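Peer 1: Can you keep this structure in mind? I'll have questions shortly.
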Amino acid sequence: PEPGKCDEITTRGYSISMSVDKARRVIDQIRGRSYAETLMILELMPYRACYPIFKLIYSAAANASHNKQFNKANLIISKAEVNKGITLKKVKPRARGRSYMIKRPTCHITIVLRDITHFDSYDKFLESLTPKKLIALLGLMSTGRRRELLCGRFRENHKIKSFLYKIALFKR
Amino acid sequence: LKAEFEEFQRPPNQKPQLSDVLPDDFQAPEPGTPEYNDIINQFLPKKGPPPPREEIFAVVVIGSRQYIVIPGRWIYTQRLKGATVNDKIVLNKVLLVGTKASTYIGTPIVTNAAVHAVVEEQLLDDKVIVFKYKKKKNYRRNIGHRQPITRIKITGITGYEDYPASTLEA
Amino acid sequence: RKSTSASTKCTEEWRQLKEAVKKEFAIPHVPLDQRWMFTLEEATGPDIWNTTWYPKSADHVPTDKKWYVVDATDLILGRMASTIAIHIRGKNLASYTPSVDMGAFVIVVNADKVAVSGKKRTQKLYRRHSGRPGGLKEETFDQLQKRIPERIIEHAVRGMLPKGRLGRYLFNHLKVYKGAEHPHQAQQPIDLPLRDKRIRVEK
Amino acid sequence: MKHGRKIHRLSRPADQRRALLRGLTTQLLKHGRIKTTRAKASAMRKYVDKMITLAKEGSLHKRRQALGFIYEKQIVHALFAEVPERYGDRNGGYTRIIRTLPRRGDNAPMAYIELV
Amino acid sequence: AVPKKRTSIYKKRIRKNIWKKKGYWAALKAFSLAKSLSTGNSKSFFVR
Amino acid sequence: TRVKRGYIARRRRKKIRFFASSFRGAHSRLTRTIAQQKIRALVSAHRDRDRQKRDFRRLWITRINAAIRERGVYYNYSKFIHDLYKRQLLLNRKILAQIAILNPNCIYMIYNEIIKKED
RNA sequence: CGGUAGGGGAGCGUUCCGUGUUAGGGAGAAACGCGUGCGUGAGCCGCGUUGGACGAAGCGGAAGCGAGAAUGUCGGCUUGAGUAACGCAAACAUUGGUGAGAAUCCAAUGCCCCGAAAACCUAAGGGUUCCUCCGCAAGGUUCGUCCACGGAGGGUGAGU
RNA sequence: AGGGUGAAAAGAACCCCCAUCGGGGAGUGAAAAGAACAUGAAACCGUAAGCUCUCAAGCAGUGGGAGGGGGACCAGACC
Ligand SMILES: [Mg+2]
Ligand SMILES: [Mg+2]
Ligand SMILES: [Mg+2]
Ligand SMILES: [Mg+2]
Ligand SMILES: [Mg+2]
Ligand SMILES: [Mg+2]
Ligand SMILES: [Mg+2]
Ligand SMILES: [Mg+2]
Ligand SMILES: [Mg+2]
Ligand SMILES: [Mg+2]
Ligand SMILES: [Mg+2]
Ligand SMILES: [Mg+2]
Ligand SMILES: [Mg+2]
Ligand SMILES: [Mg+2]
Ligand SMILES: [Mg+2]
Ligand SMILES: [Mg+2]
Ligand SMILES: [Mg+2]
Ligand SMILES: [Mg+2]
Ligand SMILES: [Mg+2]
Ligand SMILES: [Mg+2]
Ligand SMILES: [Mg+2]
Ligand SMILES: [Mg+2]
Ligand SMILES: [Mg+2]
Ligand SMILES: [Mg+2]
Ligand SMILES: [Mg+2]
Ligand SMILES: [Mg+2]
Ligand SMILES: [Mg+2]
Ligand SMILES: [Mg+2]
Ligand SMILES: [Mg+2]
Ligand SMILES: [Mg+2]
Ligand SMILES: [Mg+2]
Ligand SMILES: [Mg+2]
Ligand SMILES: [Mg+2]
Ligand SMILES: [Mg+2]
Ligand SMILES: [Mg+2]
Ligand SMILES: [Mg+2]
Ligand SMILES: [Mg+2]
Ligand SMILES: [Mg+2]
Ligand SMILES: [Mg+2]
Ligand SMILES: [Mg+2]
Ligand SMILES: [Mg+2]
Ligand SMILES: [Mg+2]
Ligand SMILES: [Mg+2]
Ligand SMILES: [Mg+2]
Ligand SMILES: [Mg+2]
Ligand SMILES: [Mg+2]
Ligand SMILES: [Mg+2]
Ligand SMILES: [Mg+2]
Ligand SMILES: [Mg+2]
Ligand SMILES: [Mg+2]
Ligand SMILES: [Mg+2]
């Protein structure tokens, strides 16, 4: 089916009391970084947000380990985003009878961990092949095996996707 | 069966291996072998040679616009009244006939020259939105227009040869 | 650092494959020189005969352009600058298009010997303004021609080029030198045709 | 501006800054090492050393000078006792400054000033 | 003085990105610092 | 019988929004702006379908003038055209422009017929 | 066969009623999303790796029947902006302790402020805010292990 | 002012992150519909992929369309 099924562990923190912007200022850094580096960084950062984000990330690591059985060394943070939560409004008094609105923003944070080494068999083997060699190799195997081979991250990384559908190498 | 097998093996056993989907049976055909070139011809075809036409073109008048026609090609024109699909028509207003060997220039028309074309279709154009608008006078009018159109195919250009040619001769 | 890892290797290889297949099936470019009405290949293509021709990127490529040289000695400033503008803009080619540069390069030499009628040498006035108040500066034509004489012709042609993006980019094709010599001999400049009668002044 | 105004202001007015520095030194001489803010430490160097250099001479005059700086007598007497022994050979440089992870609440850079 | 208009979505997105770039330099200092304390050789630094 | 407006509005809005796809900024977002922008688009379109017929004759003529000017010293667009008519040829300006580019030799011939006959 | 004020003609749609407990519909209705479909347009017709139970067409009837403007109006969400500010210029400091976490909670040692009060008590008022144990969502202009906050359990004794 | 988890609370045992909240598996269920829970438009906040902007003057579009990319079956078309 899809690479989203094999590599990925998703984790949602809900209702963290960081305001979305602040939390973004941390999350933008750790996007695309090895789980180890991201740990040490989030240990020493100045900001407040880094602490909940840390608890989160550590958790998602335990999940990739225990549930889908991944090696912690091979974890990178593939996709991480913050979205607005439920805002709680409160009214406060001001000078001369005017009021004002305070909002105490929350957010959801979604961290998506992705193993690199999963698929690596197909990966490095398909790297091994020149563009003609690979087509000649797929000239044998059934539609089943073709689909099973190329179902790695391969087509995307090297930007072959629309090419192979044009070579009549596939069905949609 | 190799799809059900490799999917159940990528299902039951996490972290799939290359040996299972591609067995070691297959070495691939050698890069210089006929059995390599039939595949690589299948999937990466060489561009086929262009179909033959006469080398000729004519400038013809339809519905008082002037087209350059080359045979084998279809063009769009004004609806031709009382023309039916699969109809053989002859366009008799012909201003200019080029051949890479010569060119015939009418005064005004090339005499006896005729263009045989067949009417392959009767259409309506892409809808053009005619929109009338005056600011602050609170008046807008949205009106579509679809022009009727005739799609014709030029087959052949004929009966020029007797007319005097000219040429650039250095 | 250019990675030779199997990944980037693979990627370039594949890209050259895509480029190969896209070059094979695409319609060949046939340059415009004694180019006859159509090649048996285009005839399968889109309709370029009953639509107005527009240039493709193979045409206007900078490397191909004509070079020209104007000896500006005893020429009349304006009348010359018109001709120059015409050729730079491309208005003398059948292939002209407003939206594209089909034009030439022009090299103007002996830019201090350029001739100007009337009392103009002492009267015509080149002003430029700082942008502060009382920031106006004025030169007579002659002070200018003694100080940096190329600016005169640059400033007279720039006026007749279009204004705006294509205008400015055009103006870079005007190469001016004060001396009788230019270091472009490699570009093989042809001389510039002048069909104007009054363009040549005599004393 | 300041060109060559060298003093450590510690973001307090004169009176307070004095009293603060006196305090911090009676602390350092009581406990021998303490945790503070980088600025406070750096500022406190000078006065630490003033006290030690003071005790190295030992005159009744000097002892009254130190008494009128440090708050707690007991720490002063112990200073005049220990110092000739511990620091006798050291010419200057009686304090080490070792910085740490910044504070949680304000993210003020911290530090450890040691009596060396 | 007030905002005669309201600030366009894209321009605001650029100003806020600038403010988010500071997180990037603080992430470099943080990284360098961890790699320091991770060799246990620094006598200027202390952790508990 | 009370009637909520329901979707009758939102459909209309949506069918407008489809129109305004790929307008930079708030022209692609807010309904109220999108309305106007639709109208203006439609309007320009109508206008410039008329401008179009002007501009290609502009163009064609220009290119033709260029193409001829090459031959004679003294030859023009004006001269040319006048000569095409007193020789009774029907070719309009689109055809002479496209033949000027795409078959130059042809135009040379035509010029040679007009010349021969004016001689 | 330009067209404002303005008059006349021809239409489209919305919810409901008649036909009708209709045709159709958990073999997927309304709706929501889509279209190289058809209209002079209002719109129609077709389609859905959404949705989960209703409901057309035709020929008629009725209106709380069509929105971009009312400094309209009610909710939602922006911009200003991670900006101004954080409520006196009595002043904090360090060492321990508790704790997942301490500039802010507890204790000790200093230092500083009020002292015709910023002290103790009583009228009015408030109404359980008092005390103990637990808690840290919201409240507290930061924090928070703490609280006049939340939860449970107590507490006010008169012949003068 | 605050209505509509499911037919039935069957309201999620057990393990993992773990101070709680919150989460990821497993299990219940036609469906997770997972308790801030039914359809879930727009504004508004983002994330990813395709093309593209740092000599530029502009109610942001439109007619012309260079170069690049995409899903086709009337592959000369559409986006
Ligand atoms: Mg008040
Ligand atoms: Mg206010
Ligand atoms: Mg009006
Ligand atoms: Mg004083
Ligand atoms: Mg004071
Ligand atoms: Mg000194
Ligand atoms: Mg109703
Ligand atoms: Mg209404
Ligand atoms: Mg566009
Ligand atoms: Mg009229
Ligand atoms: Mg009328
Ligand atoms: Mg009217
Ligand atoms: Mg209806
Ligand atoms: Mg209805
Ligand atoms: Mg029934
Ligand atoms: Mg349906
Ligand atoms: Mg209904
Ligand atoms: Mg419909
Ligand atoms: Mg109907
Ligand atoms: Mg049901
Ligand atoms: Mg009915
Ligand atoms: Mg309906
Ligand atoms: Mg009403
Ligand atoms: Mg409104
Ligand atoms: Mg207002
Ligand atoms: Mg409002
Ligand atoms: Mg905001
Ligand atoms: Mg500001
Ligand atoms: Mg400021
Ligand atoms: Mg400030
Ligand atoms: Mg204020
Ligand atoms: Mg305060
Ligand atoms: Mg006092
Ligand atoms: Mg009191
Ligand atoms: Mg009391
Ligand atoms: Mg009382
Ligand atoms: Mg209470
Ligand atoms: Mg109490
Ligand atoms: Mg709280
Ligand atoms: Mg708080
Ligand atoms: Mg605790
Ligand atoms: Mg209480
Ligand atoms: Mg659970
Ligand atoms: Mg605890
Ligand atoms: Mg839980
Ligand atoms: Mg489960
Ligand atoms: Mg089940
Ligand atoms: Mg919902
Ligand atoms: Mg410039
Ligand atoms: Mg540029
Ligand atoms: Mg610009």
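Peer 1: Go through (1) in contact (Cβ under 8 Å) with a residue 12 or more places away in the chain; (2) within 10 Å of another protein chain (Cβ to nearest Cβ); (3) among the basic types (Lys, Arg) and name the single condition residue F:57 misses.
Peer 2: Going through (1) in contact (Cβ under 8 Å) with a residue 12 or more places away in the chain; (2) within 10 Å of another protein chain (Cβ to nearest Cβ); (3) among the basic types (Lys, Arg) one by one, residue F:57 breaks only (2).
Peer 1: While we're looking at this one, here's another question. Being more than 30 Å from residue F:14 (Cβ to Cβ), more than 14 Å from chain C (Cβ to nearest Cβ) and in a helix (DSSP H, G or I) is true for just one of F:39, F:107, F:81, F:99. Which residue is that?
Peer 2: F:81
Peer 1: I would also like to ask the following. Looking at region A:8-67, which of its residues are surrounded by fewer than 17 Cβ atoms within 10 Å (Cβ to Cβ) and of a type in the set (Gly, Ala, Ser)?
Peer 2: Selection gives A:15, A:17, A:32, A:34, A:36, A:59, A:62, A:65.
Peer 1: Which residues, taken from region A:3-57, are within 12 Å of RNA strand H (Cβ to nearest atom) and in a loop (DSSP other than H, G, I, E, B)?
Peer 2: Passing the criteria: A:17, A:19, A:31, A:32.
Peer 1: Quick check on residue B:28: is it on the phi > 0 side of the Ramachandran plot and surrounded by 17 or more Cβ atoms within 10 Å (Cβ to Cβ)?
Peer 2: yes
Peer 1: Taking the options A:71, A:157, name whichever one is surrounded by 13 or more Cβ atoms within 10 Å (Cβ to Cβ), away from ligand 3 (no atom under 16 Å from the Cβ), closer than 24 Å to residue C:20 by Cβ and under 18 Å from the mean Cα position of the chain (by Cα).
Peer 2: Within the list A:71, A:157, the selection yields A:157.
Peer 1: Quick check on residue F:44: is it loosely packed, with under 15 Cβ neighbours inside 10 Å, away from ligand 5 (no atom under 16 Å from the Cβ) and part of a helix (DSSP H, G or I)?
Peer 2: yes
Peer 1: With the requirement that a residue be over 30 Å from residue A:132 (Cβ atoms) and loosely packed, with under 13 Cβ neighbours inside 10 Å, what does region C:17-39 give you?
Peer 2: Of everything in region C:17-39, those that are over 30 Å from residue A:132 (Cβ atoms) and loosely packed, with under 13 Cβ neighbours inside 10 Å turn out to be C:31, C:33, C:34.
Peer 1: What is the residue count in region D:72-85 for residues that are over 13 Å from residue D:49 (Cα atoms) and surrounded by 15 or more Cβ atoms within 10 Å (Cβ to Cβ)?
Peer 2: 3
Peer 1: Pick out the one residue from C:114, C:109, C:176 that is in contact with a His (Cβ under 7 Å, 6 or more places away or on another chain) and surrounded by 12 or more Cβ atoms within 10 Å (Cβ to Cβ).
Peer 2: Among C:114, C:109, C:176, only C:109 is in contact with a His (Cβ under 7 Å, 6 or more places away or on another chain) and surrounded by 12 or more Cβ atoms within 10 Å (Cβ to Cβ).
Peer 1: To continue, here is another question. In this structure, is residue D:46 of a type in the set (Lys, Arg) and in contact with a helix residue (DSSP H, G or I) (Cβ under 9 Å, 6 or more places away or on another chain)?
Peer 2: yes
Peer 1: Say whether the condition of being in contact with a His (Cβ under 8 Å, 6 or more places away or on another chain) and among the aromatic types (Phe, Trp, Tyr) is met by at least one residue in region A:103-122.
Peer 2: Scanning region A:103-122 turns up no residue that is in contact with a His (Cβ under 8 Å, 6 or more places away or on another chain) and among the aromatic types (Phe, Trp, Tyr).
Peer 1: Could you figure out which of (1) surrounded by 13 or more Cβ atoms within 10 Å (Cβ to Cβ); (2) closer than 27 Å to residue A:172 by Cα; (3) free of Cβ contacts under 8 Å to residues at least 40 places away in the same chain; (4) within 16 Å of RNA strand G (Cβ to nearest atom) isn't true of residue A:134?
Peer 2: It is condition (4) that residue A:134 fails.
Peer 1: Another question, then. Condition first: part of a helix (DSSP H, G or I) and either exposed (fewer than 13 other Cβ atoms within 10 Å of the Cβ) or among the aliphatic types (A, V, I, L, M) (or both). Now tell me which residues in region C:139-166 satisfy that.
Peer 2: Within region C:139-166, C:143, C:144, C:146, C:147, C:152, C:153, C:156, C:157, C:165, C:166 meet the criteria.
Peer 1: Now, a different point. For region F:1-36, name all the residues that are assigned to a helix (DSSP H, G or I) and within 16 Å of ligand 7 (Cβ to nearest atom).
Peer 2: Selection gives F:8 alone.
Peer 1: While we're looking at this one, here's another question. Are any residues in region D:1-52 more than 10 Å from RNA strand G (Cβ to nearest atom), free of Cβ contacts under 8 Å to residues at least 24 places away in the same chain, in a loop (DSSP other than H, G, I, E, B) and of a type outside the set (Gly, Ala, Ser), and if so, which ones?
Peer 2: D:1, D:2, D:3, D:5, D:6, D:7, D:9
Peer 1: Of (1) more than 29 Å from residue B:92 (Cβ to Cβ); (2) surrounded by 14 or more Cβ atoms within 10 Å (Cβ to Cβ), residue F:92 satisfies all except one. Which?
Peer 2: Failing condition for residue F:92: (1).
Every residue, every condition in (1) away from chain A (no Cβ under 14 Å); (2) part of a loop (DSSP other than H, G, I, E, B); (3) on the phi < 0 side of the Ramachandran plot; (4) without any contact (Cβ under 8 Å) to a residue 40 or more places away in the chain, yes or no:
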site: C:10; (1), (2), (3), (4): no, no, yes, yes
site: C:22; (1), (2), (3), (4): no, no, yes, yes
site: C:30; (1), (2), (3), (4): yes, yes, yes, yes
site: C:33; (1), (2), (3), (4): yes, yes, yes, yes
site: C:40; (1), (2), (3), (4): yes, yes, yes, yes
site: C:54; (1), (2), (3), (4): yes, yes, yes, no
site: C:73; (1), (2), (3), (4): yes, yes, yes, no
site: C:80; (1), (2), (3), (4): yes, no, yes, no
site: C:97; (1), (2), (3), (4): yes, yes, yes, no
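Peer 1: Identify, from the list B:98, B:72, the residue that is touching a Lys or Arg at 6+ places or on another chain (Cβ under 7 Å) and either surrounded by 15 or more Cβ atoms within 10 Å (Cβ to Cβ) or among the β-branched types (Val, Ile, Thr) (or both).
Peer 2: Going through B:98, B:72 in turn, the sole match is B:72.
Peer 1: While we're here: What's the number of the only condition in (1) more than 19 Å from residue A:5 (Cα to Cα); (2) away from RNA strand G (no atom under 16 Å from the Cβ); (3) part of a helix (DSSP H, G or I); (4) of a type in the set (A, V, I, L, M) that residue A:129 fails to meet?
Peer 2: Unmet for residue A:129, out of (1) more than 19 Å from residue A:5 (Cα to Cα); (2) away from RNA strand G (no atom under 16 Å from the Cβ); (3) part of a helix (DSSP H, G or I); (4) of a type in the set (A, V, I, L, M): (3).
Peer 1: Are there any pairs, at least 6 apart or on different chains, whose C-beta atoms fall under 7 Å, with the first in region A:145-160 and away from chain B (no Cβ under 14 Å) and within 20 Å of residue B:15 (Cβ to Cβ) and the second aliphatic (A, V, I, L, M) and part of a helix (DSSP H, G or I), and if so, which?
Peer 2: Qualifying pairs under 7 Å: A:155/A:164.
Reconstructed Cβ throughout: ideal geometry from the backbone, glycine too, with neighbour counts over all protein chains shown. Every number here is computed from the coordinates shown, using simple stated rules; none is lab data.
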